[PDB]
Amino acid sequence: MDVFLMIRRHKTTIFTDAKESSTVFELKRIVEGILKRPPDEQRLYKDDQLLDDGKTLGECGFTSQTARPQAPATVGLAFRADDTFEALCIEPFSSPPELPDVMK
């Protein structure tokens, strides 16, 4: 079963899908092909939780009925610069303006 994800770090957002049966580490390989940083320089998160490499995306709560094409689930991403990992930082998207009066 496919799960549909946004992998987010700072102001970077990757839209991609993966198998529910695929692993955290395999998702780092996906990130590696796109952003050119190896798995050992990546940390992946669900909310604040650090994800273990050997776990399936399914085991970590990314299921096909919650990580949907039109409402994908977010996987946080942190990089290691030199010796130590940065903290997890996800820049929020911009705020919609107020509803015009005629839409209220």
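Whichever C-alpha set is largest while still superposing within 1.5 Å between the two forms counts as the rigid core. Residue numbers here begin at 1 and follow the sequence given.
Taking the root mean square of C-alpha distances over all structures and residues in 6 other deposited structures of this protein, with a rigid core superposition, name the larger of 75-83 and 62-70. Result of the core-fitted comparison in 6 other deposited structures of this protein: 75-83 deviates more.
For the higher mean C-alpha B factor in the entry, choose 64-72 or 40-48. On average, C-alpha B-factors are higher across 40-48.
Pick between 90-98 and 16-24: the one whose mean CA B-factor in the entry is higher. According to the entry, 90-98 carries the higher average C-alpha B-factor.
Third of chain Cα B-factors occupied by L57: It belongs to the lowest third of the chain when residues are ordered by C-alpha B-factor.
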